[PDB]
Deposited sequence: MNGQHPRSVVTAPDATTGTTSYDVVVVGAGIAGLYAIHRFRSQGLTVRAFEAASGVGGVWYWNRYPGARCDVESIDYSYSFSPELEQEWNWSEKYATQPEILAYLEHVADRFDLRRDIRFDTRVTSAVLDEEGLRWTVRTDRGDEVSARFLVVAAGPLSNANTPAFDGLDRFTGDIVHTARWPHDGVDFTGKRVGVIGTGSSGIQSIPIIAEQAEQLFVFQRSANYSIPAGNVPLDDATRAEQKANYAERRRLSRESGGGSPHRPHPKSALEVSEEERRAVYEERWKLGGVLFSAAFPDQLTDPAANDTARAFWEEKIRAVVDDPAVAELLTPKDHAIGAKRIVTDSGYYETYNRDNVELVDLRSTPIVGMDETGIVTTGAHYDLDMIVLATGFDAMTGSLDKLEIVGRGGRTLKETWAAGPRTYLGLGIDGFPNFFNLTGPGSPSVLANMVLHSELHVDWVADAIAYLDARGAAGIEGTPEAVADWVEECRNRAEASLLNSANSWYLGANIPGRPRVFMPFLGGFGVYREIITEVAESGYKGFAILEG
C-alpha cells in the first residue's frame, strides 16, 4: 500500500507518467475511474468525434519506434483510432498492471511530518505516496440540463457523454439535437445522413472550420516519418505546439489581396490554426473583425438559405475567443431537405412530453433526443477531488479567489503535489500530448533532483506563486481570449498565454537553476 508516485487518471498524460516514472526506478500506482485506458478518448465516443490538431503532431514523441511503427489513417484521427493507439501504447509498455480501473480518487491528505500523501478511493483503497501526480485532464462534462418532464418522454434519450458502445441506429427516426458545441457539430452530419428527419435546437452558435480531411499520400507518409525529428524540434519551440509559424507581418499592415490569400491558405489547415493566421488576430479587435468577415462569407457560400446561414452565424462574439470547432461537412448538412434549425431564442424549450419537445411556438414529434453536452471548467475534475495540504487547508479553499500556482507546478501548502496540464501552464492552448510530455518530464527531473541531493520534497513558495499569478494576469490583459463570457476564466484567466516554447524555456531554466522559486525540503 505504499508507492513512490500516485497518478490520477489514465489518459494521454497519466499513461506517459506511468512509463516515465517507472524507467527512472520509481514505483507507480495509477487510479482510473473509467474501465479502460484512454481518458477523454475512452469515454467521449459519440459519432464523428475527432481531434483538431494533426495526428502526426497530436501523438507521443517519447518513443522513436512507436513514431515510426504507427500509421495514422487520416489527417485528424477519430476517437476510435486515437483510442486504439493509446491501448496500443498501454499494450507496448505494460502499463495496465499498475493501473486500477473502475476506481475514483476521493481524497488525498498530506502528512506534514513525513511529506507523504495518503490517497483514498471509492473502492476502499488507501495508499501512501511520496508524490501525488494528478493527470485528470482539462475537460470534464458540463452538467445535464434539467428539462421539465424529460422523465415523461416515451422515446430514446441518448447522451453524447455516454454514447452506447454498440452504436445507435437513426434509420427512419425523427431526431432532436440539443446543443451545438463540438459534440453537436461533430455528430450532427452523421445523424443527418441516416435520420428520417433531424431538428437541431440552437441556443447560441459557435464558429467551426472545415476539417479539409484528406487521407495521407503514401509517398508523403515515409517522407514525413523521415523528417519527424525536425518536425518535433519546431513544435516544441513553437507557440501552439505544432510546426506552424504565424504570418510575419500584422493583419491590417499587409494588403487586402495578400490577406485573403493567407486566410484561405490557413483555412485549408483548419480550426485551431486558423485563429493563429495573423499575430494580432487574438489581440487586436479590428484584426479579428477581418477574420469574422472571411468566415461569414464562407458560410453564406456553402449554405443555400440566407435566413438559415444568418442563424448559423455566431452573433456579436469574437472569433477564437472560444476555440474553433473542426467539422466534416457541417454547414452543408443544412442544405438537406431533412434538417431544420430551430432558434431557441425565438422559441425556447419549455419542456418535454410523451411524444417529443415543447417550445413556446410548436411541438415536435420526435423518436429520439440527443443531448449533445459541453465541457465543465478547466479545473473541473480537481474540484471533485478532496486535497488536504498543510494546516489542513483544502486546495478548493486555496483557490477560493482563483487558481494560484507557480508555473502551474507549485502551490504553497502542497509539497510533493503536481497537477498536470492545468492553471498556470499553457494547458488547452497547446498540443496536449507534447504538453503532457513536457510536464511529466519536468516532474520526473524534479524527483530525480531530490533523490540525488537526499531531499524529502519540493514546494512552491508564497513569493513565487504571487509573481506567477501577476505574470499570468499580464500576459492575458491584451488577449481577446480574455472576454467576460470566456471559458478560460475562474471567479482570473487560467492558462499561461505567452506560448508553449517560451513556457518550456521558463520551467526548464528553473530546473537548471536548482528550482529557484521552490523550496527544497529535508523532512
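Residues of the deposited sequence with no modelled C-alpha atom fall in the ranges 1-19, 511-517.
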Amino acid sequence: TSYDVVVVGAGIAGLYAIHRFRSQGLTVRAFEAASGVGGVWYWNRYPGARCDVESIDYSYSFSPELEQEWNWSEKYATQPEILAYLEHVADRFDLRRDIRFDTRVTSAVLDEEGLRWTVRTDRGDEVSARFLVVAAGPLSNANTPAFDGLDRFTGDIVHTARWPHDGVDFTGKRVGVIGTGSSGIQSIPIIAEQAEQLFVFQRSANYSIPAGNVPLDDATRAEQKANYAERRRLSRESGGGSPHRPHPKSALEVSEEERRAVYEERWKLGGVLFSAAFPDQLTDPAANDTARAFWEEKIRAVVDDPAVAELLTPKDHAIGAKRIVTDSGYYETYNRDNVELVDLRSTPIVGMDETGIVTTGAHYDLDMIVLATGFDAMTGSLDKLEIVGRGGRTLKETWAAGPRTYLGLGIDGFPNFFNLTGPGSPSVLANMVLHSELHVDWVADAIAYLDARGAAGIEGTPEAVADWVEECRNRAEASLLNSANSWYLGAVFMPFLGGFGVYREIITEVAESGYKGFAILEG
From here on, numbers count along this sequence of modelled residues.
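In this crystal structure, the stretch out of 288-296 and 118-126 whose C-alpha atoms carry the higher mean B factor is 288-296. Judged by mean Cα B factor in the deposited record, 504-512 ranks above the other of 504-512 and 16-24.
The residue among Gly454, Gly460, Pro495, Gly490 whose C-alpha atom has the highest B-factor in the PDB entry is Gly490. If you compare the C-alpha temperature factors of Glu193, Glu437, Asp412, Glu253 in the entry, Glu253 comes out highest. Annotation for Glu470: CA B-factor lies in the highest third of the chain's modelled residues. Annotation for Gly351: C-alpha temperature factor in the highest third relative to the rest of the modelled chain, per the entry. Among the modelled residues of its chain, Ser182 has a C-alpha B-factor that falls in the middle third according to the deposited record. Ranked by C-alpha B-factor against the other modelled residues of its chain, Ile324 falls in the highest third. In the deposited entry, the Cα temperature factor of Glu32 places it in the lowest third of its chain's modelled residues.
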